[PDB]
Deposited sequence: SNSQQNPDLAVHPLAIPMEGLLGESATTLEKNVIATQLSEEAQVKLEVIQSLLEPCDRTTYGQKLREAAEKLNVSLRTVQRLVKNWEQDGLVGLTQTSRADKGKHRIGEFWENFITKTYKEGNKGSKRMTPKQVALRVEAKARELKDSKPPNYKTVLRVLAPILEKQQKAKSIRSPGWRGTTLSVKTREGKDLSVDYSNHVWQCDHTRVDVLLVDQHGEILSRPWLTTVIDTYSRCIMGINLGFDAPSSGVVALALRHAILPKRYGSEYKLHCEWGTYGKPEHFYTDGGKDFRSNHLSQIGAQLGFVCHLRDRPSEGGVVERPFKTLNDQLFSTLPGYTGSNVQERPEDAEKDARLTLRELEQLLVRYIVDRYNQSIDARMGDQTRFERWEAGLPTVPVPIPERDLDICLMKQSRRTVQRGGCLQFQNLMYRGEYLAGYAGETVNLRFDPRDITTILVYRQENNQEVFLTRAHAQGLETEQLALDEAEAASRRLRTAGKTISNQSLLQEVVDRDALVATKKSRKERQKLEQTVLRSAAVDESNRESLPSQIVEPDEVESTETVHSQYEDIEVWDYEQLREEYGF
């Protein structure tokens, strides 16, 4: 009955194409969002080129339930602040069930055209692609929160959907610890620990707090595709995966780095190497054999 009872999870594919930092054409991202039933409030979002499998929804859960920390680059007016453990969740593999179970809320899986109507559908490259994925992250959290969430609802227009949701919480929305919500993260596995507790990830190099005790061992990683600047490392066991430490990206030139940016860095590094002509490096190979073809003992 009350707002915050059943949480809807929605998907769409954004008909705006993007360009990469170095000018490569990106795809069109999928948008996934978590919204109330009885308010129209938006409480969670993820956007990217990952297909709307269990991945983007598992992150969009994590997005909502934690405290909504935000950056200055967003130029936000409003604190989003929408923490709170859900209790029912509703979506279009099974992994969502394990999360719902472990977090103790029923998952009983089987409106975005508001942004199709809005000028959002007219930014460059809609429907010269002069925008990138980090720019969408900064602007879209703002243009949703400060404008599409804080405004008066389409019907029951006596309340803004945020405030209809905020007062309607059966008591007060309760945040919960961050580190227990790692199951919602991405996963990478069988990474190997180098001298001093070191790890490679996405062509970057990482180092841990106490990870040097397990050099030569192998470990799994989890991360957000929004800032890989520190990623969680866990020791694998037979039926338990135990969190060991954070590990910190090293040698990067910025305070923040999205996964898409590590892909772009690699893709520029890779695409540079692809342009080098082997013409000399190749012709010497047949000429070495044509010489050795004269050998007889």
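Peer 1: Comparing the deposited sequence against the modelled residues, what ranges come up empty for C-alpha?
Peer 2: Counting from residue 1, the stretches without coordinates are 1-195, 288-293, 312-322, 340-352, 523-584.
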